[PDB]
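In what follows, a single structure is set out as structure tokens and then discussed.
Values reported hereafter were calculated over all heavy atoms of this structure, with side chains retained and with hydrogens, waters and symmetry mates removed. In listed order, ligands and their atoms are each counted from 1. Chain naming here is simple, since letters A, B, ... match the order of the sequence lines and numbering starts at 1 in each.
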There are 2 protein chains.
Amino acid sequence: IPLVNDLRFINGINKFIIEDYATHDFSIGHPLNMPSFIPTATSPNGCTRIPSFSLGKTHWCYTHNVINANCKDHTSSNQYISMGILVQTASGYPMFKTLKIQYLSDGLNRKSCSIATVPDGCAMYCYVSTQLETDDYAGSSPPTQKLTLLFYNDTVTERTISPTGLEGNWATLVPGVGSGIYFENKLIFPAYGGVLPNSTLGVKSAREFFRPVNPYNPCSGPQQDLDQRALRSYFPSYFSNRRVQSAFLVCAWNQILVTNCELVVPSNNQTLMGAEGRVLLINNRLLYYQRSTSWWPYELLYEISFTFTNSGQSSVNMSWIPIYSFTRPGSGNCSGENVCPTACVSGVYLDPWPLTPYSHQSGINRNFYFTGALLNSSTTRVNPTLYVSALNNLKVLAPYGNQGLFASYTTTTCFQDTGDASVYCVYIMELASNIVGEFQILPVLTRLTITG
Amino acid sequence: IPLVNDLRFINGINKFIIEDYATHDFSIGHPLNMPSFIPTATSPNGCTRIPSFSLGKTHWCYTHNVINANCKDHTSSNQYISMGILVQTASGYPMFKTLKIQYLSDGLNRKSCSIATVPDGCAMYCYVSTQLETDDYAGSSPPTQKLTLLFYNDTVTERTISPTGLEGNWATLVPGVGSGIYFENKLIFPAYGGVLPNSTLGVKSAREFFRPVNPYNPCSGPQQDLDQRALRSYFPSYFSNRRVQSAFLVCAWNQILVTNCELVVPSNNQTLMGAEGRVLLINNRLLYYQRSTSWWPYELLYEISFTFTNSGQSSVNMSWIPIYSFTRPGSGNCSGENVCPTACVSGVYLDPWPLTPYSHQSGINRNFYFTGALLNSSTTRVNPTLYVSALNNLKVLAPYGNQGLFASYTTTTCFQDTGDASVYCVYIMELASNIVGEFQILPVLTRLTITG
Ligand SMILES: CC(=O)N[C@H]1[C@H](O[C@@H]2[C@H](O[C@]3(C(=O)O)C[C@H](O)[C@@H](NC(C)=O)[C@H]([C@H](O)[C@H](O)CO)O3)[C@@H](O)[C@H](O[C@H]3[C@H](O)[C@@H](O)[C@H](O)O[C@@H]3CO)O[C@@H]2CO)O[C@H](CO)[C@@H](O)[C@@H]1O
Ligand SMILES: CC(=O)N[C@H]1[C@H](O[C@@H]2[C@H](O[C@]3(C(=O)O)C[C@H](O)[C@@H](NC(C)=O)[C@H]([C@H](O)[C@H](O)CO)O3)[C@@H](O)[C@H](O[C@H]3[C@H](O)[C@@H](O)[C@H](O)O[C@@H]3CO)O[C@@H]2CO)O[C@H](CO)[C@@H](O)[C@@H]1O
Ligand SMILES: *[C@@H]1O[C@H](CO)[C@@H](O[C@@H]2O[C@H](CO)[C@@H](O)[C@H](O)[C@H]2NC(C)=O)[C@H](O)[C@H]1NC(C)=O
Ligand SMILES: *[C@@H]1O[C@H](CO)[C@@H](O[C@@H]2O[C@H](CO)[C@@H](O)[C@H](O)[C@H]2NC(C)=O)[C@H](O)[C@H]1NC(C)=O
Ligand SMILES: *[C@@H]1O[C@H](CO)[C@@H](O[C@@H]2O[C@H](CO)[C@@H](O)[C@H](O)[C@H]2NC(C)=O)[C@H](O)[C@H]1NC(C)=O
Ligand SMILES: *[C@@H]1O[C@H](CO)[C@@H](O[C@@H]2O[C@H](CO)[C@@H](O)[C@H](O)[C@H]2NC(C)=O)[C@H](O)[C@H]1NC(C)=O
Ligand SMILES: *[C@@H]1O[C@H](CO)[C@@H](O)[C@H](O)[C@H]1NC(C)=O
Ligand SMILES: *[C@@H]1O[C@H](CO)[C@@H](O)[C@H](O)[C@H]1NC(C)=O
Ligand SMILES: *[C@@H]1O[C@H](CO)[C@@H](O)[C@H](O)[C@H]1NC(C)=O
Ligand SMILES: *[C@@H]1O[C@H](CO)[C@@H](O)[C@H](O)[C@H]1NC(C)=O
């Protein structure tokens, strides 16, 4: 059995589904039933969390974390990894057929793992956690960074890596949880951590800040005061006042067995405080989702491009897509109602799937649409809701479950059946279950109907 | 990857764990967390039901039924089948690692499927349902019988079979849901159906009946009247007064590609009204669990032996293990409190795993112990509870979840780690979930502690 999706999906993956630059109305279909490819816990109080999912052209890759005790405890953890294909069922829609499983269970607490689809298998970037995250940021040396390659021929290889730029500049670095991407002989993962303010990187970027403004809901104050507050928001005392920074782990695939990879650090003039994220490749255009862990509560998606120069002088440029639609839940001064620059470590991972390009060869598409699963609360991780969103407003909403259902991380991927033109979106959501532990991670497949 | 369990379990499978014939105390451990090998539905109202599971010495086989609509809806169904191995984790206990998946999704409503572990794979016995079960029994011709072979080399073969004895004798025949067994070049599945009263088989067995009596809770009445009622209980008007009859589907494995198999029908002097069941092979001794679909509410386990004379006149002999411990839920006159012969189609599938032999070369072990999952109610499928039971009384109880949790079918298998002597029992239970459809089939693995 080849590691190849059904042919009707191969040319409908990682494509912009709506290329009209025109206005559209949307209807989200009912969940389509199949045997879930994501295993639940087998105990009422075991922790199962942190999904990472990538649908590649020929196969998909998936991973999440399993703890025998509650989520907050951190002695031991295990990492479930699987790869598989899309297969059409007689019910009229595809199912995710698992072809290989790896359960990393060796006493190493691999955490925040991000998965990527690579030729003949999967690649996974983790860090080994031995202490509290706050202890990581208070420290002076990053935790162990691991790169795991899992192939269809049942070969599994794992290496400790020390990417160029890490040592001397960072207190800590972890993967971005959201999936990475394989693109032009490069393996690219999202990452984030704490930069030592007095280091080389810290000094160069000391004055960098980005302050998005919702013109419909502006923050009160003079420009200079708001800018100073936005700059200070990058150094939360919760993380020992390090500069919390997003970054990209970039590895040369042709040297994947020996390279140490390299950290490509964006300018903080173009991005908010470091956080979880996801790297997408759609129509050969790279995008970066950034979790709204900082004060800005709206959905963060950037158009990004890399400049690769021979000797570790790689750079990345990012261009914020101006989105003002819905807010993510947060605590205290960092709820979905706050739009003012303050020191925030809050929010929740809720990534989007863009249905349309934003920047194209002809210009900029104001009729931008994206879809995903949100949490309908300004303060609480509750009420999972499927949505399609425009730049400024929501187009359609479809709750999952009853009001009051607790839920957390969500990651969404859409693809098209080029046989019958069906548009499918899978909404992978951490959902609170009455019988298994914190979060049955449920992959909800729906058909998306698009009209004028 | 070979289709072989971790070596520390191979000599601890299908063995009697307690062979001293002595009294013992038991403690059921907490559920051990792992990624469940049994997938849930992906919709809040999709049906996922009817588990069948076999752990063989080198690998396990599993299957269950998936319907896009609610369970009572009967238009379409699909059959999830998987095979895999036991792998020890760093958490100190094994997990079930799926190695192959088949999702039979072709518009044929395969139903009541029973699985068996066979060399290099699995064998599954289904019937194709096209109408109500009561319509099956009211009719005069049995539905299509299917045998599916699924091998580790990814070969899948399916055949329609017409076992010797079926045509002309049965209104209907379906598989017993509980797993079958591979034993002495024979593939043996449980089955049950409706025998035509006027047929050869119907006439030959017209006077056969079995009336078990609980010496601690007897039914009041004269022997002759109670015997007539027990005889009458085999012909429920719910199934059009056919003789409802258990049977065994026996296939020659070396001819499995061409043989039609044969029905081996036990005497109803030794068994109750036909029902779901399970065939076990422990210490090279065959056992038959029979669901208490009829008026008798206690756990039904028989010691069985076959006589093959290679002349299509094979026979089976059964010896009831007298168990009076706990009762299964039922409706109306067929609740767990009724012990009197009446026409019943009720109950629920709850199979046992015997920890001790009952009949042995030296004699009979009155210190017989078995374990499983019961439903703690005389009327309602609710309160799933793990138990260890003696012949007359329960030894230990451990509820799963909160009081009031709905649950249905349960199938239990125990095995031993011959490295550390740990005794593991997996209780596979249909549990009602708040987020997925009726019954997340959950495999709860526990360690069983046995003392004097
Ligand atoms: C570890 C933990 O407490 N688990 C909670 C979980 O807590 C939430 C935050 O954790 C996660 C998240 O957003 O779910 C999970 C992930 O493992 C974290 N990564 C790492 C490397 O540690 C990730 C990370 O912390 C962020 O991306 C920031 O870099 O976050 C948890 O960090 C957060 O803790 C709060 C704390 O409650 C609060 O008292 C303090 O003031 O600020 C902290 C930082 O915000 O709390 C989150 C929930 O509000 O949440 C789930 C429920 O969704 C619990 O059941 C888990 O046990
Ligand atoms: C099909 C259906 O109604 N599904 C119910 C489910 O119903 C229970 C009985 O069904 C099962 C069982 O025991 O769960 C399911 C299985 O698919 C059946 N097999 C076949 C081949 O049809 C099996 C079978 O019927 C028995 O083994 C007997 O041969 O039984 C269902 O048959 C039963 O129906 C009752 C009926 O409610 C009652 O009005 C009538 O007088 O007698 C019938 C026979 O007892 O009801 C069972 C539940 O009480 O039950 C679940 C809940 O556990 C529902 O959610 C499913 O939708
Ligand atoms: C398993 O698959 C992997 C990846 O497809 C194979 O990896 C490549 O194999 C060639 C051998 O000709 C190597 O020279 C390359 O360096 C490998 N690439 C990577 C990414 O490591 C591997 O050889 C296969 N192992 C087998 C067949 O046992
Ligand atoms: C790097 O990204 C930035 C966005 O942060 C790009 O700057 C924008 O360019 C467009 C079109 O040239 C202008 O309309 C915007 O006003 C610019 N924004 C800012 C803040 O300058 C920039 O062009 C990108 N650089 C490269 C080399 O591609
Ligand atoms: C896959 O495995 C099955 C079972 O091991 C093989 O089935 C055997 O094939 C030979 C055919 O040359 C027959 O003589 C045996 O009777 C078969 N056993 C059964 C139960 O069918 C099958 O050949 C294998 N298929 C492939 C493609 O290698
Ligand atoms: C077949 O099973 C029956 C039980 O239904 C056996 O009958 C029992 O036999 C033992 C020893 O011969 C007696 O102590 C019991 O009293 C018998 N019970 C009944 C109800 O008759 C029978 O022996 C078995 N036959 C064979 C050949 O093993
Ligand atoms: C970032 O913006 C500041 C002004 O806020 C400017 O002084 C600095 O040169 C910019 N750096 C980069 C790399 O854009
Ligand atoms: C949140 O739920 C409320 C129902 O109380 C509804 O009115 C509102 O539209 C929902 N908002 C979102 C963003 O889902
Ligand atoms: C079954 O028992 C009846 C008496 O109730 C007897 O006449 C008949 O011969 C017995 N048949 C068998 C096969 O045991
Ligand atoms: C059932 O639950 C009740 C608690 O209401 C308890 O008293 C009883 O022992 C339980 N029985 C079994 C068999 O679990």
Side-chain angles (χ1 to χ4, degrees), chain A residues 1 26 28 297-299 323-329 335-337 350 352 371-390 392-405 407 410 427 429, chain B residues 2-3 58-59 61 83 100 102 116-124 147-159 182 185-187 201 203-211 223-224 226-232 234 243 245 251-259 261 264-272 307 313 315-320 341:
Chain A
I1 302 165
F26 299 85
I28 298 173
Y298 303 99
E299 191 76 359
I323 296 174
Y324 318 120
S325 64
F326 68 91
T327 57
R328 91 287 179 270
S335 82
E337 302 287 323
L350 309 164
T371 183
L374 61 80
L375 303 179
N376 186 12
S377 170
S378 66
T379 58
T380 308
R381 299 182 169 188
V382 69
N383 298 327
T385 308
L386 316 186
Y387 70 85
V388 179
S389 176
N392 303 335
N393 61 279
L394 293 169
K395 297 298 293 185
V396 68
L397 302 165
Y400 191 92
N402 302 319
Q403 190 168 227
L405 174 62
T410 75
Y427 307 89
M429 301 176 289
Chain B
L3 183 67
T58 66
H59 64 280
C61 292
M83 78 181 76
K100 295 290 176 185
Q102 299 283 345
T117 300
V118 301
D120 300 326
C122 313
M124 183 177 67
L147 177 63
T148 308
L149 308 178
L150 319 101
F151 293 116
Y152 192 57
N153 61 20
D154 313 303
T155 290
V156 177
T157 308
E158 191 174 83
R159 297 170 49 213
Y182 172 68
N185 302 123
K186 298 297 169 137
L187 181 57
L201 176 62
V203 171
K204 203 90 169 189
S205 61
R207 296 294 293 170
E208 296 175 358
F209 72 93
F210 173 44
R211 183 168 62 79
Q223 286 187 353
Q224 302 171 15
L226 293 179
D227 284 349
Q228 180 176 8
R229 288 162 183 288
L231 176 61
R232 287 172 62 197
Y234 289 82
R243 171 171 212 101
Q245 170 83 240
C251 307
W253 181 248
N254 56 22
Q255 288 288 85
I256 198 64
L257 293 179
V258 295
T259 186
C261 311
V264 182
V265 182
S267 166
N268 297 120
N269 284 351
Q270 305 179 328
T271 188
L272 294 174
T307 301
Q313 294 142 335
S315 66
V316 65
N317 195 58
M318 304 180 308
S319 191
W320 174 56

Polar-atom distance check: A:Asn376 versus ligand 8, any N or O pair below 3.5 Å? yes
Test side chain to side chain contact (heavy atoms under 4.5 Å, CB included) on B:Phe210 and B:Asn269 and set out the steps. CA-CA 5 Å; B:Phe210 173 44; B:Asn269 284 351; 5.8 Å; no
Just checking, any donor-acceptor pair under 3.5 angstrom between side chains of A:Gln403 and A:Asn383? no
Note, A:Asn393 side chain near A:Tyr324 side chain (heavy atom, < 4.5 Å): no
Does any part of the side chain of B:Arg232, heavy atoms only, come nearer than 4.5 Å to the side chain of B:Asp227, both counted from C-beta? no
Could you go step by step and tell me if A:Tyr298 and A:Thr327 meet the side chain to side chain contact (heavy atoms under 4.5 Å, CB included) rule? CA-CA 5 Å; A:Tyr298 303 99; A:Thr327 57; 3.6 Å; yes
As a test of reading the model: which residues have a non-hydrogen atom less than 4.0 Å away from ligand 5? B:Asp120, B:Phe151, B:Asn153, B:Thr155, B:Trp253, B:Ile256, B:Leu257
Do A:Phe326 and A:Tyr387 have their ring centres less than 6.0 Å from each other? yes
Within 45 degrees of the ring normal and closer than 6.0 Å to the centroid, is that where the cationic atom of B:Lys100 sits relative to B:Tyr152? yes
Those residues with a heavy-atom separation under 4.0 Å from ligand 9 are B:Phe209, B:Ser267, B:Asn269
A:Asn402 CG: over 12 foreign heavy atoms closer than 6.0 Å: no
For B:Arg207 and B:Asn268, test the side chains for any donor-to-acceptor distance below 3.5 angstrom and give the result as yes or no. no
Kindly indicate whether the side chain of A:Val382, heavy atoms from C-beta on, has any atom under 4.5 Å from the side chain of A:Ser377. yes
Here the atoms of ligand 8 under 4.0 Å from any heavy atom belonging to A:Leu394 are 13 (C)
